[PDB]
Amino acid sequence: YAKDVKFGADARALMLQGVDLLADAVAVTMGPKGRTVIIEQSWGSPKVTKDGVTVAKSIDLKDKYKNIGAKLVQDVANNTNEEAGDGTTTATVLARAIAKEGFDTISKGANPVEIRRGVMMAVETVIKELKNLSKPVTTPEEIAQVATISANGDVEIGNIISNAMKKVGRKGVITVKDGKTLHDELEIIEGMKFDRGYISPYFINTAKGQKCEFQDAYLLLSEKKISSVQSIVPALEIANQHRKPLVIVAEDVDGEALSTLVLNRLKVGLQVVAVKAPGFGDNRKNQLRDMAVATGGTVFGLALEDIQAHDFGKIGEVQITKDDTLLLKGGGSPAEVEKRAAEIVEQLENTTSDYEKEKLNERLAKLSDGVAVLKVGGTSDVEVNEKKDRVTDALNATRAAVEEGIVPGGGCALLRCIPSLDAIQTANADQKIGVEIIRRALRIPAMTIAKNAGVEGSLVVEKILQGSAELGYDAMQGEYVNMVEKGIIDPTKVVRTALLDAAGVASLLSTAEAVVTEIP
Amino acid sequence: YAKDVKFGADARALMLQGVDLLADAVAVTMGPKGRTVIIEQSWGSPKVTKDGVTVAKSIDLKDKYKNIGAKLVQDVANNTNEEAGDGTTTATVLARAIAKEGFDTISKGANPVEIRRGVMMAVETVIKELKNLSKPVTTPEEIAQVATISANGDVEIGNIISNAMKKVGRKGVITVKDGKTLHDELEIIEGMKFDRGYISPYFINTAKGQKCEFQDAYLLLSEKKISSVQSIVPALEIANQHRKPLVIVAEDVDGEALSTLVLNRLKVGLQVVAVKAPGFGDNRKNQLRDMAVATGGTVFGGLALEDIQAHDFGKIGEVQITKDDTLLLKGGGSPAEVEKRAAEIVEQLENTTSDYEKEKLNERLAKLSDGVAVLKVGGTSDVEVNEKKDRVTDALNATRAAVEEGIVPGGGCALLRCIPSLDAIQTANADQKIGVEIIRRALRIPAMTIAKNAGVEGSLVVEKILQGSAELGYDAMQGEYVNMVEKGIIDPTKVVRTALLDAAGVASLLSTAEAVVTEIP
Amino acid sequence: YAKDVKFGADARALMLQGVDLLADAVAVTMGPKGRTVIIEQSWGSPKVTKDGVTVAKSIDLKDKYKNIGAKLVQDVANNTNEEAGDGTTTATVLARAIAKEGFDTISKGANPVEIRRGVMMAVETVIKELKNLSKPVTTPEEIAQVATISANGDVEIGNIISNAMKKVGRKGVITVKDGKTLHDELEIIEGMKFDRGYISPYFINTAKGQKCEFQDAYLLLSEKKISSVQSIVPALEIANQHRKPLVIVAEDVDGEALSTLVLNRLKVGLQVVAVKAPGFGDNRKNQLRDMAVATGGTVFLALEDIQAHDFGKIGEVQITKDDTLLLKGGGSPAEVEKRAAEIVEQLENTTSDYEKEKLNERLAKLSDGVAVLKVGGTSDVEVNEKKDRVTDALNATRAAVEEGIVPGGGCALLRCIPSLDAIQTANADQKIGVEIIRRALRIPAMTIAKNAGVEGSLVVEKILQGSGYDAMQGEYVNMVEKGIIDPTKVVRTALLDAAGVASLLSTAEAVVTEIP
């Protein structure tokens with residue numbers, strides 16, 4: 001239980017060493033000419049990868065302080081990845097640059113608060129000019145073009161993504177699953193997606209995604225919090241006797257019930273997953289009722305322990321990831337669900353609250369609008385799985401592009417925001433120092449990509465900055481071209497979130513004046 | 001079992017090094033512009049915080065003597081926090097300053113007794129002039145203003161705090177809990193509060209922190225000391241049969257009964273919490289009877305144990321038991337049962353003449369009649385509700401302290417304004433003057449630390465405040481010398497007074513130690 | 001848990017040292033005059049071998065980075081061996097040469113991308129010239145000559161291999177098995193072969209390769225995936241009551257069913273082997289039904305009610321990681337030619353080329369049986385040794401049929417050097433990579449000469465400046481007609497795999513290893 005504490009510059013230097021190691025490992029994968037990282041496995045052949053995310057996840061340091069810094073940067077870059085589908089490497093390298101420059105300037109006597117205030121000013125200016133620079137993607141032709149670009153010249157993949165988006169909309173739900181047909185195809189089916197994940201890991205998938213994948217499962221709905229084991233044993237035995245998976249949607253599953261669910265999940269292989277009910281307040285119960293009528297079940301909170309297996313709903317397929325749950329095939333009657341929406345539209349014409357209208361319309365969309373499942377084809381199952389990974393990545397990229405537009409790739413989007421930093425109303429010298437830190441960091445992504453391509457980063461950056469507009473550097477072909485015209489693009493959401501999160505983590509490391517670790 | 005013993009300044013140096021490490025960790029969080037402390041969690045991500053309390057709670061050194069010093073200062077600061085609601089960081093930094101300067105002067109040959117005499121003298125002078133400087137908070141409008149200030153400019157939180165305090169009084173019972181509604185609201189229900197905690201760890205909610213809370217529980221009250229398993233098994237099985245938690249209130253629960261209650265709770269999962277009966281002497285029996293009639297149960301003292309028929313149990317809708325107090329919320333007792341029990345107390349109030357029995361009789365009557373005000377915080381997200389509950393709890397404790405002892409200018413500027421007060425002290429010898437100078441240097445430390453964490457140099461800021469008017473301090477958030485009382489930069493007088501008193505006490509205790517005995521590792 | 005990472009040339013040097021050790025061990029076995037490697041065994045006398053493959057498989061280093069490099073090269077060379085049947089040593093030595101030269105040039109300031117672009121250009125040019133150099137083997141006389149040459153001047157082995165290939169075609173199925181007769185003989189029996197392996201290690205034949213080789217086995221076929229123990233217990237009970245092995249061909253066996261199956265064979269020896277159903281989509285179901293009618297079983301109405309009339313019969317089955325052989329069928333012939341009539345009727349109507357290929361492949365599986373080679377002899381030990389030799393000769397002959405033959409002794413690569421002089425290089429680094437490949441091309445012949453006793457520095461120059469150094473004879477002859485040949489597929493795949501692994505090692509800028 002012993003502790004060791006370091007203070008100020010001494011601790012920040014160790015954490016900076018950790019982030020230096022992490023970003024040195026990650027940055028070699030940047031750009032189309034990214035290099036290879038070899039990661040030793042516990043068993044089998046070593047892993048060869050150019051993926052920044054898997055490289056960052058594999059890094060773990062022995063010394064406590066540098067490990068702490070690396071873990072902080074890893075968490076920030078990872079939550080950047082989960083939002084936009086990319087930008088882990090960009091966030092990591094930007095964070096290292098900003099943290100290094102800030103620690104060097106602070107350790108020489110600069111005021112940390114007046115540096116963070118000014119680093120944030122430059123970041124805000126860069127974000128504003130980046131949003132000004134973004135080219136929106138709204139038309140189906142633009143969507144197909146972006147999807148094909150993210151699919152690396154696959155016209156079929158871009159066309160199927162564009163058709164799915166046209167058929168369910170930009171706000172619609174799109175998922176990709178393994179296809180058993182030689183040709184990829186999409187279809188619109190009923191469905192329901194809410195942003196609540198599993199309470200604790202019950203991965204039956206036990207594979208990529210860290211989710212749960214049942215098929216032909218039961219649905220147990222309860223407004224009451226389920227904590228008594230005696231009130232949940234009958235449901236578990238009813239589900240087990242029919243050998244169907246059970247999905248428990250309650251306000252909260254905890255205590256003895258959660259303990260028994262975990263024990264049975266790992267001892268007798270019980271296929272049960274507990275997920276918190278979506279929403280809050282009275283909207284929780286309305287969403288539960290809507291879900292129950294969609295699945296043809298009933299809600300408890302009926303004594304909750306007298307289940308007769310007619311109380312359960314039916315779920316054809318369910319996918320429960322960390323922060324959201326997808327219910328695919330409902331068991332409720334179409335006449336049942338169409339009448340439930342009638343109540344919602346009746347309440348729409350009466351209630352006029354802005355907050356109440358949004359929730360009711362979202363429930364209406366959940367009941368009426370379905371999900372779009374596109375299945376990826378191929379001549380072999382491993383080809384189908386690899387194409388599934390590629391199509392998922394392209395779909396996330398296209399969703400980000402529709403959300404926030406596109407900007408020139410190769411790090412040139414951040415490079416073209418440099419001239420906007422020369423007109424910031426800075427108060428004192430430390431604010432200018434922070435702005436200069438951000439300005440120096442803006443060149444890091446493009447320079448790293450150039451270095452990975454083999455050419456010198458400084459000269460390429462100088463030519464791009466002192467050259468014609470929209471003239472970037474295509475590393476794969478080794479020539480200065482128009483990036484957006486020739487398709488070298490990145491989603492604006494990716495770069496914006498990466499820069500914002502890197503600045504946030506760097507400022508968090510700059511605010512740390514003491515680090516407490518455990519004596520090994 | 002071997003022991004190592006160090007003497008005098010040699011051991012005091014190690015203990016001072018420990019408190020130096022602890023206070024250096026804590027002080028970086030001081031002030032509204034405080035810095036960040038990273039605490040490595042054993043499992044999961046590192047913990048990033050600016051709270052001095054959790055920073056001090058997480059420090060535990062390797063060497064025995066410095067760990068002893070750190071633990072002493074931690075305990076003093078922690079018991080400062082429990083009584084007032086804040087001042088852990090202030091107490092820690094003041095304690096380190098006083099201990100450092102006292103050890104330096106004493107080790108140079110000064111008399112420690114005649115230094116502590118004079119440190120305490122100037123502490124008394126500072127406290128007197130602080131009470132003189134304190135502005136009382138008595139009117140409901142002032143209470144609402146203070147609550148809104150403490151809630152960081154949220155009008156509804158201040159209004160709801162002021163409404164609750166108005167509805168139950170300044171001496172009344174207020175607790176904050178999670179709310180399921182989007183809108184925050186307060187209501188007054190029956191209740192009972194007494195300063196007795198759990199006998200042994202029974203924490204159902206470890207996340208809440210050393211609290212044992214559940215709903216719809218049975219209650220058995222025993223005048224006799226429950227120490228036999230045979231007499232408590234029937235009650236336990238009766239409570240288990242109905243799937244209801246059991247609360248044991250008795251003169252003392254110990255021995256094999258306590259051992260079985262702890263072991264079965266840890267292993268099987270018994271929903272049982274044992275709490276010592278409140279009061280002492282003949283009053284303990286009287287308020288045990290009062291609790292029984294308030295909850296609808298009966299007192300055991302043919303009314304022996306192992307004869308419970310579940311009609312001898314009191315019913316409690318909600319119970320919260322913490323380390324230092326217990327809260328029974330919803331009583332199952334009949335309203336007519338309790339409205340005629342208070343008649344007995346009133347009748348005894350005519351007979352009593354001790355002028356102290358009447359105080360306890362009135363306290364029992366108030367406990368029977370006065371309820372508790374529960375206010376549930378609203379929000380659009382459950383996590384938002386939890387965080388707002390924490391914020392409202394902190395604001396409510398600050399407002400309670402302010403009502404108790406008034407308010408003073410914040411940012412440690414009250415201690416800054418008490419500096420000229422001690423220039424006129426009848427010092428006997430030089431050592432008393434030395435102690436007075438030690439405390440004078442200490443008085444500037446909180447404001448200087450807040451300024452340093454803000455970025456600016458505190459040495460110039462303190463002198464600028466001292467040489468200027470008696471109303472302009474330092475914002476340190478806007479970096480402007482402002483009228484802090486009018487602008488809203490205030491601190492409760494109770495918090496600062498207790499912080500200074502406890503820091504002086506722990507420094508004196510650390511400077512009276514002439515021998516430290518540790519165990520050979 | 002804790003990780004240690006090295007960057008750039010520092011890590012590439014450790015990996016190069018590891019591959020240096022591995023290739024130094026392997027290269028002493030190259031050529032007809034290859035030297036001897038003694039590998040210590042856990043029990044018994046040490047193993048004395050001149051085989052590059054077994055020496056390479058017996059290398060494991062203590063330091064993390066050099067072991068990582070050695071294992072990368074090992075895996076590349078091994079999967080080179082599994083495709084063509086030879087070239088492990090060739091691939092290893094070429095990989096070491098290319099990696100050494102490339103690392104030395106890169107560490108001195110060259111651009112790795114502009115080196116790999118140009119190394120691959122030279123490799124492609126060498127491949128084109130090698131395919132130009134190859135003499136195709138298509139006639140039965142040439143097939144017999146190649147088989148006899150591979151069999152070390154064994155006329156009978158060459159004759160039997162050539163006859164088997166003639167009787168089942170060059171695309172046919174040929175397997176080698178121990179013979180109980182004094183004289184080796186072949187026969188064509190009904191049989192089936194598809195590229196699907198065991199889901200989990202199930203080897204009852206622990207030695208002589210990783211094989212599941214039992215006889216007189218039941219066969220169940222399931223279109224749906226099998227993951228429930230409730231749906232597989234009846235099959236196991238039925239198979240165990242009759243003391244007959246069970247082969248499971250399904251879409252996928254995983255989860256509780258797979259765990260129960262793998263645990264049972266370990267503890268009681270259930271004699272159960274599972275294998276994923278071959279193919280994809282509709283072709284999977286069609287050929288699953290074809291297999292069912294070939295074995296007499298039925299496809300799976302559920303997995304609970306099975307009995308035994310729904311069980312295909314397999315006389316002999318051999319399952320490796322990449323392919324499954326079902327030797328003896330159980331279905332009635334009137335059932336199998338009736339199914340073939342439907343296949344030819346469907347082929348008579350369809351005109352798509354891609355769909356006709358799978359139809360004819362299914363028809364060949366149904367009708368064209370497999371060919372077995374029983375190897376004769378006077379002792380079981382000699383029969384097994386001859387079986388190993390004949391299997392090697394058959395693999396070499398089939399590779400030669402695939403892509404022709406080229407002069408052996410490393411001369412095939414040596415004769416592509418003069419054709420490397422005409423390459424349009426963009427910059428100096430591409431020329432440097434071309435030079436790396438050019439220097440590496442001499443390495444196999446040089447190693448063979450060095451192991452033969454003579455020094456290859458003069459041997460290579462004599463071979464080039466003239467009109468090939470048979471190492472065993474010691475005289476420069478024309479290797480092709482003399483008999484010193486290698487399959488063109490072997491050298492092509494070895495060169496390509498060595499270049500690929502060397503490029504992969506050159507593109508590595510960071511190695512992440514675990515703290516010991």
# chains A, B, ... in the order shown; residues from 1 in each chain; ligands from 1
$ residues_around --residues "residue 448 (chain C)" --least-positions-apart "3" --cutoff "10 Å" --atoms "only C-alpha atoms" --output "PyMOL selection string"
chain C and resi 27-34+409-410+443-445+451-456+469-471
$ write_last_selection --atoms "C-alpha atoms" --output "mmCIF file, in the first residue's frame"
data_model
loop_
_atom_site.group_PDB
_atom_site.id
_atom_site.type_symbol
_atom_site.label_atom_id
_atom_site.label_comp_id
_atom_site.auth_asym_id
_atom_site.auth_seq_id
_atom_site.Cartn_x
_atom_site.Cartn_y
_atom_site.Cartn_z
ATOM 1 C CA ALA C 27 22.853 -23.174 -45.414
ATOM 2 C CA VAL C 28 25.337 -25.895 -44.419
ATOM 3 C CA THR C 29 22.803 -28.444 -45.720
ATOM 4 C CA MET C 30 22.483 -26.946 -49.212
ATOM 5 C CA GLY C 31 23.379 -28.821 -52.374
ATOM 6 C CA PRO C 32 24.114 -32.479 -53.084
ATOM 7 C CA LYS C 33 27.273 -32.234 -50.938
ATOM 8 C CA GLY C 34 25.476 -30.566 -48.041
ATOM 9 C CA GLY C 409 22.273 -26.240 -58.440
ATOM 10 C CA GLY C 410 21.304 -22.578 -58.246
ATOM 11 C CA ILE C 443 24.180 -16.878 -53.152
ATOM 12 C CA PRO C 444 22.539 -20.319 -53.711
ATOM 13 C CA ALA C 445 25.092 -21.532 -56.267
ATOM 14 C CA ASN C 451 29.477 -27.040 -49.279
ATOM 15 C CA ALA C 452 30.909 -29.101 -52.153
ATOM 16 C CA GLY C 453 34.435 -28.150 -51.055
ATOM 17 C CA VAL C 454 35.373 -25.751 -53.856
ATOM 18 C CA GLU C 455 34.975 -21.979 -53.542
ATOM 19 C CA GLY C 456 31.990 -20.463 -55.335
ATOM 20 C CA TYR C 469 29.463 -27.405 -61.870
ATOM 21 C CA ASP C 470 27.773 -30.640 -61.039
ATOM 22 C CA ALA C 471 28.950 -30.578 -57.420
#
$ select_by_dssp --residues "region 233-316 of chain A" --states "strand (DSSP E or B)" --output "PDB file with N, CA, C and O atoms, in the first residue's frame"
ATOM      1  N   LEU A 246     -31.188 -14.784 -23.202  1.00  0.00           N
ATOM      2  CA  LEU A 246     -32.039 -13.836 -22.495  1.00  0.00           C
ATOM      3  C   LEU A 246     -31.350 -12.482 -22.431  1.00  0.00           C
ATOM      4  O   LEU A 246     -30.203 -12.384 -21.982  1.00  0.00           O
ATOM      5  N   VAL A 247     -32.052 -11.445 -22.878  1.00  0.00           N
ATOM      6  CA  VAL A 247     -31.583 -10.067 -22.788  1.00  0.00           C
ATOM      7  C   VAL A 247     -32.406  -9.372 -21.714  1.00  0.00           C
ATOM      8  O   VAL A 247     -33.640  -9.330 -21.797  1.00  0.00           O
ATOM      9  N   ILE A 248     -31.726  -8.831 -20.710  1.00  0.00           N
ATOM     10  CA  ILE A 248     -32.372  -8.203 -19.565  1.00  0.00           C
ATOM     11  C   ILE A 248     -32.205  -6.699 -19.712  1.00  0.00           C
ATOM     12  O   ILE A 248     -31.090  -6.173 -19.612  1.00  0.00           O
ATOM     13  N   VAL A 249     -33.311  -6.003 -19.949  1.00  0.00           N
ATOM     14  CA  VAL A 249     -33.324  -4.551 -20.053  1.00  0.00           C
ATOM     15  C   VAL A 249     -34.043  -4.035 -18.813  1.00  0.00           C
ATOM     16  O   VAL A 249     -35.273  -4.112 -18.714  1.00  0.00           O
ATOM     17  N   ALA A 250     -33.280  -3.507 -17.863  1.00  0.00           N
ATOM     18  CA  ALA A 250     -33.823  -3.004 -16.613  1.00  0.00           C
ATOM     19  C   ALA A 250     -33.233  -1.632 -16.327  1.00  0.00           C
ATOM     20  O   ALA A 250     -32.294  -1.183 -16.989  1.00  0.00           O
ATOM     21  N   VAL A 253     -29.324  -3.510 -13.118  1.00  0.00           N
ATOM     22  CA  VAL A 253     -29.114  -4.864 -12.623  1.00  0.00           C
ATOM     23  C   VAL A 253     -27.830  -4.853 -11.806  1.00  0.00           C
ATOM     24  O   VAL A 253     -26.757  -4.529 -12.328  1.00  0.00           O
ATOM     25  N   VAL A 272     -26.768 -14.942 -21.239  1.00  0.00           N
ATOM     26  CA  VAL A 272     -27.590 -13.848 -20.732  1.00  0.00           C
ATOM     27  C   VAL A 272     -26.750 -12.581 -20.689  1.00  0.00           C
ATOM     28  O   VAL A 272     -25.560 -12.621 -20.356  1.00  0.00           O
ATOM     29  N   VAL A 273     -27.368 -11.456 -21.044  1.00  0.00           N
ATOM     30  CA  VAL A 273     -26.720 -10.149 -21.008  1.00  0.00           C
ATOM     31  C   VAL A 273     -27.691  -9.143 -20.408  1.00  0.00           C
ATOM     32  O   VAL A 273     -28.861  -9.090 -20.802  1.00  0.00           O
ATOM     33  N   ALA A 274     -27.208  -8.347 -19.458  1.00  0.00           N
ATOM     34  CA  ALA A 274     -27.998  -7.303 -18.821  1.00  0.00           C
ATOM     35  C   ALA A 274     -27.540  -5.945 -19.333  1.00  0.00           C
ATOM     36  O   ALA A 274     -26.341  -5.647 -19.331  1.00  0.00           O
ATOM     37  N   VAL A 275     -28.496  -5.130 -19.772  1.00  0.00           N
ATOM     38  CA  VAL A 275     -28.227  -3.802 -20.310  1.00  0.00           C
ATOM     39  C   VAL A 275     -29.156  -2.804 -19.633  1.00  0.00           C
ATOM     40  O   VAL A 275     -30.350  -3.070 -19.458  1.00  0.00           O
ATOM     41  N   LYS A 276     -28.599  -1.663 -19.231  1.00  0.00           N
ATOM     42  CA  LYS A 276     -29.388  -0.626 -18.581  1.00  0.00           C
ATOM     43  C   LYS A 276     -30.427  -0.052 -19.540  1.00  0.00           C
ATOM     44  O   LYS A 276     -30.201   0.057 -20.748  1.00  0.00           O
ATOM     45  N   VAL A 299     -43.717  -5.407 -19.751  1.00  0.00           N
ATOM     46  CA  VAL A 299     -42.794  -4.758 -18.827  1.00  0.00           C
ATOM     47  C   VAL A 299     -43.200  -5.101 -17.401  1.00  0.00           C
ATOM     48  O   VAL A 299     -44.393  -5.184 -17.086  1.00  0.00           O
ATOM     49  N   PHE A 300     -42.205  -5.297 -16.542  1.00  0.00           N
ATOM     50  CA  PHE A 300     -42.419  -5.642 -15.146  1.00  0.00           C
ATOM     51  C   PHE A 300     -42.165  -4.435 -14.248  1.00  0.00           C
ATOM     52  O   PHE A 300     -41.707  -3.379 -14.691  1.00  0.00           O
ATOM     53  N   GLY A 313     -40.317 -10.712 -24.656  1.00  0.00           N
ATOM     54  CA  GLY A 313     -40.293 -10.377 -26.062  1.00  0.00           C
ATOM     55  C   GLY A 313     -39.348 -11.286 -26.828  1.00  0.00           C
ATOM     56  O   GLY A 313     -38.598 -12.073 -26.253  1.00  0.00           O
ATOM     57  N   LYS A 314     -39.391 -11.169 -28.151  1.00  0.00           N
ATOM     58  CA  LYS A 314     -38.554 -11.975 -29.028  1.00  0.00           C
ATOM     59  C   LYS A 314     -37.628 -11.067 -29.823  1.00  0.00           C
ATOM     60  O   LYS A 314     -38.078 -10.093 -30.436  1.00  0.00           O
ATOM     61  N   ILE A 315     -36.336 -11.385 -29.802  1.00  0.00           N
ATOM     62  CA  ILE A 315     -35.316 -10.645 -30.536  1.00  0.00           C
ATOM     63  C   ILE A 315     -34.630 -11.616 -31.484  1.00  0.00           C
ATOM     64  O   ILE A 315     -33.998 -12.582 -31.039  1.00  0.00           O
ATOM     65  N   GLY A 316     -34.754 -11.362 -32.788  1.00  0.00           N
ATOM     66  CA  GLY A 316     -34.133 -12.244 -33.763  1.00  0.00           C
ATOM     67  C   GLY A 316     -32.619 -12.231 -33.683  1.00  0.00           C
ATOM     68  O   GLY A 316     -31.978 -13.285 -33.717  1.00  0.00           O
TER      69      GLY A 316
END
$ interface_residues --of "chain A" --to "chain B" --cutoff "6 Å" --atoms "only C-alpha atoms" --output "MDAnalysis selection string"
chainID A and resid 2:3 281 511:517
$ write_last_selection --atoms "N, CA, C and O atoms" --output "PDB file, in the first residue's frame"
ATOM      1  N   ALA A   2       2.177   1.072  -0.078  1.00  0.00           N
ATOM      2  CA  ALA A   2       3.101   2.197  -0.054  1.00  0.00           C
ATOM      3  C   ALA A   2       2.960   3.041  -1.316  1.00  0.00           C
ATOM      4  O   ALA A   2       2.572   2.552  -2.380  1.00  0.00           O
ATOM      5  N   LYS A   3       3.283   4.326  -1.186  1.00  0.00           N
ATOM      6  CA  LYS A   3       3.154   5.276  -2.279  1.00  0.00           C
ATOM      7  C   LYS A   3       4.454   6.045  -2.463  1.00  0.00           C
ATOM      8  O   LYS A   3       5.206   6.268  -1.510  1.00  0.00           O
ATOM      9  N   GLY A 281     -35.592   9.332 -16.344  1.00  0.00           N
ATOM     10  CA  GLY A 281     -36.871   9.848 -15.897  1.00  0.00           C
ATOM     11  C   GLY A 281     -38.046   9.083 -16.485  1.00  0.00           C
ATOM     12  O   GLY A 281     -37.997   7.867 -16.691  1.00  0.00           O
ATOM     13  N   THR A 511      -1.160  20.613 -16.484  1.00  0.00           N
ATOM     14  CA  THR A 511      -1.757  21.010 -15.214  1.00  0.00           C
ATOM     15  C   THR A 511      -1.325  20.128 -14.051  1.00  0.00           C
ATOM     16  O   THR A 511      -1.628  20.457 -12.899  1.00  0.00           O
ATOM     17  N   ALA A 512      -0.634  19.024 -14.318  1.00  0.00           N
ATOM     18  CA  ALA A 512      -0.260  18.085 -13.270  1.00  0.00           C
ATOM     19  C   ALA A 512       0.999  18.573 -12.565  1.00  0.00           C
ATOM     20  O   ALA A 512       2.069  18.663 -13.178  1.00  0.00           O
ATOM     21  N   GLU A 513       0.869  18.894 -11.279  1.00  0.00           N
ATOM     22  CA  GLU A 513       1.995  19.315 -10.461  1.00  0.00           C
ATOM     23  C   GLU A 513       2.427  18.254  -9.460  1.00  0.00           C
ATOM     24  O   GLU A 513       3.338  18.509  -8.665  1.00  0.00           O
ATOM     25  N   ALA A 514       1.800  17.080  -9.473  1.00  0.00           N
ATOM     26  CA  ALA A 514       2.163  15.999  -8.567  1.00  0.00           C
ATOM     27  C   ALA A 514       1.549  14.703  -9.073  1.00  0.00           C
ATOM     28  O   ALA A 514       0.380  14.680  -9.468  1.00  0.00           O
ATOM     29  N   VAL A 515       2.344  13.635  -9.063  1.00  0.00           N
ATOM     30  CA  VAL A 515       1.903  12.312  -9.488  1.00  0.00           C
ATOM     31  C   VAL A 515       2.210  11.326  -8.370  1.00  0.00           C
ATOM     32  O   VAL A 515       3.352  11.244  -7.908  1.00  0.00           O
ATOM     33  N   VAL A 516       1.196  10.578  -7.944  1.00  0.00           N
ATOM     34  CA  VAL A 516       1.324   9.605  -6.863  1.00  0.00           C
ATOM     35  C   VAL A 516       1.227   8.211  -7.464  1.00  0.00           C
ATOM     36  O   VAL A 516       0.231   7.876  -8.117  1.00  0.00           O
ATOM     37  N   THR A 517       2.254   7.400  -7.241  1.00  0.00           N
ATOM     38  CA  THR A 517       2.326   6.036  -7.746  1.00  0.00           C
ATOM     39  C   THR A 517       2.478   5.069  -6.577  1.00  0.00           C
ATOM     40  O   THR A 517       2.607   5.472  -5.420  1.00  0.00           O
TER      41      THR A 517
END
$ select_by_dssp --residues "region 193-351 of chain A" --states "alpha helix (DSSP H)" --output "ChimeraX atom specification"
/A:233-241,256-267,282-295,334-350
$ closest_atom_pairs --of "chain A" --to "chain C" --cutoff "8 Å" --atoms "only C-alpha atoms" --output "Markdown table"
| residue | atom | partner | partner_atom | distance |
| --- | --- | --- | --- | --- |
| A:25 | CA | C:510 | CA | 6.3 |
| A:28 | CA | C:509 | CA | 6.6 |
| A:35 | CA | C:507 | CA | 5.4 |
| A:36 | CA | C:508 | CA | 4.3 |
| A:37 | CA | C:510 | CA | 4.9 |
| A:38 | CA | C:511 | CA | 4.7 |
| A:39 | CA | C:512 | CA | 4.6 |
| A:40 | CA | C:513 | CA | 5.1 |
| A:45 | CA | C:71 | CA | 6.9 |
| A:46 | CA | C:68 | CA | 6.7 |
| A:58 | CA | C:512 | CA | 7.9 |
| A:59 | CA | C:3 | CA | 6.2 |
| A:60 | CA | C:3 | CA | 5.2 |
| A:61 | CA | C:2 | CA | 5.4 |
| A:62 | CA | C:2 | CA | 5.5 |
| A:180 | CA | C:281 | CA | 5.5 |
| A:181 | CA | C:281 | CA | 5.7 |
| A:182 | CA | C:281 | CA | 6.6 |
| A:379 | CA | C:280 | CA | 6.5 |
| A:380 | CA | C:280 | CA | 5.9 |
| A:381 | CA | C:280 | CA | 7.0 |
| A:453 | CA | C:113 | CA | 7.3 |
| A:454 | CA | C:111 | CA | 5.8 |
